Structures are given as C-alpha cells and as structure tokens.
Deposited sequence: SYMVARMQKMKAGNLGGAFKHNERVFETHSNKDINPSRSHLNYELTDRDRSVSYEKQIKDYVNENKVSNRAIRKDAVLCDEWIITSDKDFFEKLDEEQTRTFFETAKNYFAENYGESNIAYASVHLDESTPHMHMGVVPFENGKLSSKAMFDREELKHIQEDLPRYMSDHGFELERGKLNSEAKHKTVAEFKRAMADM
C-alpha cells in the first residue's frame, strides 16, 4: 500500500462548507461549535506581526487528505486505524506546529477512512501557504512522511518519485 497525502488550499468561503461537511471524529482539542473560518481568523489576527489586514484571497489553511487503499485499512482494527490518523497528525504537528493544526477530522464509514486535516501556514508571525508549502516542502513530505509512518509500525510505500499521474475526481474520472 501507498501513503496517500495531498493538499488543497482553503480560502475564507471554503472553510464554511468544510466545517458543515465535517459535522466523523475530531482529533484536535478545537471547540467543535466554532466554525473553521472564525477559529482560524481569530488565531491569525491575534498573532500576526503585520498590522495590515489578512488579504481577502489569503490561504487560511492547507487542507491535507490522509488515507491509503481500502485493503490497507482492512488489515487494521479500529484502535490501530485511529492510531494511524493520530500518528499522521503528529507528523504535521511536529514539522509545522501544534497550534497550526486547526482541525483533524476522520471519516470512518462506507469507504476507506480518510482524514481531512486543516494546517494553518502560519510561521514567524506571518500567514503564508506560499512560504510553508512550496515545491521542495511537498517533495520532502512525499519522501519523509511514509518513512515516519513505517517507523511507527504502519507499512507504507512512498508514492512514485516524480509520478506523472494527474489528480482525478469521480465526476471527471466519470
């Protein structure tokens, strides 16, 4: 099985539909009655160095999907499946910051379990997805995250180095 880790950028106006999608169990200590957009805006406002307002097209967070193939999870019981997602959340907390993980919500139902984890790209007083998740950082995640998971006893191959596959969705795959 391959580790599946991929991100999507979320602006204010994407965060609303994702909060509703995800009411599922939530691994962070977030207050489950405050919206993603309000939680992240308070946090950035309360900490950013700059006195300018957050730009209207800011990436407020990088939503990572973490999962693998169906048969990988058939091999795990529910305790071990939960620890798989907690272990993955630990990797991103240690490398990007504890207080940046705004949500880590796991779907555990009809399909293969998938976690949607919102990582705020706030480093050094500055909100910038561009600075945190650049081409080199993404290469490094595809190499290093599967190695970390294997060290915790979850046997995962890294994705094909320089893979030429394109991201597909069900509608487009038809």
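Student: Would you list the gaps, meaning deposited-sequence stretches without C-alpha coordinates, in the order they occur?
Tutor: In sequence order, the gaps with no modelled C-alpha are 24-41, 193-198.
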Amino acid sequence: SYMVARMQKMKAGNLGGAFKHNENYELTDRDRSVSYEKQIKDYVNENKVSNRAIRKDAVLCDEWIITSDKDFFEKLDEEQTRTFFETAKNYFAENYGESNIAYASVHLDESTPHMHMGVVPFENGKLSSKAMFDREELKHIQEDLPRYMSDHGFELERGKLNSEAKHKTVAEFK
From here on, numbers count along this sequence of modelled residues.
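What we label the rigid core is the largest C-alpha set whose atoms superpose within 1.5 Å from one form to the other.
Student: Do the Cα atoms of 63-71 or those of 105-113 sit farther, on average, from the shown form in 5 other deposited structures of this protein after fitting on the core?
Tutor: With the rigid core superposed, the C-alphas that lie farther in 5 other deposited structures of this protein are those of 105-113.
Student: Quick one: with the core lined up, is it 24-32 or 51-59 that wanders further in 5 other deposited structures of this protein, going by C-alpha RMS?
Tutor: If we average over structures and residues in 5 other deposited structures of this protein, the farther stretch is 24-32.
Student: Tell me which stretch has the larger mean Cα B-factor in this entry, 4-12 or 164-172.
Tutor: Comparing 4-12 with 164-172, the higher mean C-alpha B-factor belongs to 164-172.
Student: Tell me which of 56-64 and 108-116 has the higher mean C-alpha B-factor in the deposited entry.
Tutor: Averaging CA B-factors over each stretch, the winner is 108-116.
Student: Tell me, lowest, middle or highest third: where does the Cα B factor of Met132 rank within its chain?
Tutor: For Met132, the deposited C-alpha B-factor lands in the middle third.
Student: Going by what the PDB entry lists, where does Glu46 fall on CA B-factor within its chain: lowest, middle or highest third?
Tutor: Its C-alpha B-factor belongs to the highest third of this chain's values.
Student: Among the modelled residues of its chain, does the C-alpha B-factor of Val34 lie in the lowest, middle or highest third?
Tutor: Tercile = highest for this residue's CA B-factor.
Student: Among the modelled residues of its chain, does the C-alpha B-factor of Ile40 lie in the lowest, middle or highest third?
Tutor: Tercile = middle for this residue's CA B-factor.
Student: Sorting the chain's modelled residues by C-alpha B-factor, tell me whether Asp69 ends up in the lowest, middle or highest third.
Tutor: For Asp69, whose C-alpha B-factor we compare with every modelled residue in the chain, the answer is the lowest third.
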